[PDB]
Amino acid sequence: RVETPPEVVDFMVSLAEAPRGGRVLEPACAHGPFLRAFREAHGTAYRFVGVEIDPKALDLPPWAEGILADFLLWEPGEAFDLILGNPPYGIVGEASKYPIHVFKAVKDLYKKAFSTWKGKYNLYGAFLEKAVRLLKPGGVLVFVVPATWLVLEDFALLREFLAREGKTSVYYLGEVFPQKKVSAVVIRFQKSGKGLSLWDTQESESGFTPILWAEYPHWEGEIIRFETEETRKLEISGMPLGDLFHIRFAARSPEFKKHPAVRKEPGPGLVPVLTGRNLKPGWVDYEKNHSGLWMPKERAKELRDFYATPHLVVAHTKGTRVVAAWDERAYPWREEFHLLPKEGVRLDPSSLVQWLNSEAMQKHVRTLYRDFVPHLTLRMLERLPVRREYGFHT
């Protein structure tokens, strides 16, 4: 995934279209395997262009035009009919935590250039917006990117943008990059029309085959899910979990790190600051320490008020599943979701926990969100259906 597998390249080329003599671009091209593959497949009567930032990487055939620039700050003379490629992925931030390292002034420039830039954001998001803006009307884009933009908040504006700028086809590939931890999708964007079509794929020796899954003709940027009749059925059967509960996150690690009550060793009256490694399906391991942090249990409420109260805990970083337990002791947590019943909500804690851990709930989330992200996110959690057995809003 500084290299794309040949069958991914070929799959993408099979989705790509350009008029005769039309302008074809590969951003972050290096040696330009997408331009090479498109030319092998469709011939030579096109204008082939490759943008690369690193002169050690730029190595195009003499029939293509190579440009040494930052694709994201680059201002071409003319727009393009087709843009295809594999964007660089990663968060721009401090080298101690994040992979992309640019001067603050450059990231300032990126944030000014991109209307979709939200939160920490990502290089692959910036690349997608850049490319759509360099398309002529009716132009086509074919990119391979992580799947995380289908569901995540950072990419809400990117999704709204794509829905507003034309028509979108999404093909799920999954973990198709050897030795890279990512679930991938192929986007086919065309700068005209509207709506969204979602596709699954089939992988053979002959390569990838698209399987039409679902169509959203009036898509506006809504989260993208693999919906079935079964998932729809379960979703109407109860109240959304978010209507019953206030959903809060744990206090972060540095909040605890600097609190005068928190120690780095166990001792009299001291209790471990819990993490996801303490949370199990239906129970909490209060004994083990995984954070390296101890504090008096009674002092936990100074970090979050709700730490003083027995409440429901749901997992965030165990993949796309629902792992829940009742925290009857009310301990300090460094991780996970913390759910507080809304005014007039009658709950049955053990019966609700039991339902959230159930195999029915596991399939449900795995069907909708697959392996897009290594998390149960707030957006997935709040839409979980809860029938009257487990919680009732009077």
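Definition used throughout: the rigid core is the maximal C-alpha set that superposes within 1.5 Å between two forms. All residue numbers are counted from 1 along the displayed sequence.
Participant: Return whichever of 150 to 158 or 203 to 211 has the larger RMS Cα deviation from the displayed form in 5 other deposited structures of this protein, where every structure is aligned on the rigid core.
Facilitator: Higher average C-alpha offset in 5 other deposited structures of this protein goes to 203 to 211.
Participant: If you average the CA temperature factors as listed in the entry, which stretch comes out higher, 76 to 84 or 317 to 325?
Facilitator: Mean B over CA atoms: larger for 76 to 84.
Participant: Looking at the deposited entry, does 44 to 52 or 330 to 338 carry the larger mean Cα B-factor?
Facilitator: Between 330 to 338 and 44 to 52, it is 44 to 52 that shows the higher mean C-alpha B-factor.
Participant: Looking at 119, 221, 240, 93, which has the highest CA B-factor as recorded?
Facilitator: The record points to 240.
Participant: For the listed 129, 235, 200, 108, which has the peak Cα B-factor recorded in the PDB entry?
Facilitator: Top of the list by C-alpha B-factor: 235.
Participant: Using only modelled residues of the chain, where does the Cα B factor of residue 286 rank: lowest third, middle third or highest third?
Facilitator: Its C-alpha B-factor belongs to the highest third of this chain's values.
Participant: Going by what the PDB entry lists, where does residue 25 fall on CA B-factor within its chain: lowest, middle or highest third?
Facilitator: Middle third, going by the recorded CA B-factors of the chain.
Participant: How does the C-alpha B factor of residue 176 compare with the rest of the chain: lowest, middle or highest third?
Facilitator: Highest third - that is where residue 176 ends up once the chain's C-alpha B-factors are sorted.
Participant: Sort the modelled residues of this chain by their C-alpha B factor and say whether residue 345 lands in the lowest, middle or highest third.
Facilitator: Its C-alpha B-factor belongs to the highest third of this chain's values.
Participant: Going by what the PDB entry lists, where does residue 115 fall on CA B-factor within its chain: lowest, middle or highest third?
Facilitator: CA B-factor rank for residue 115: lowest third.
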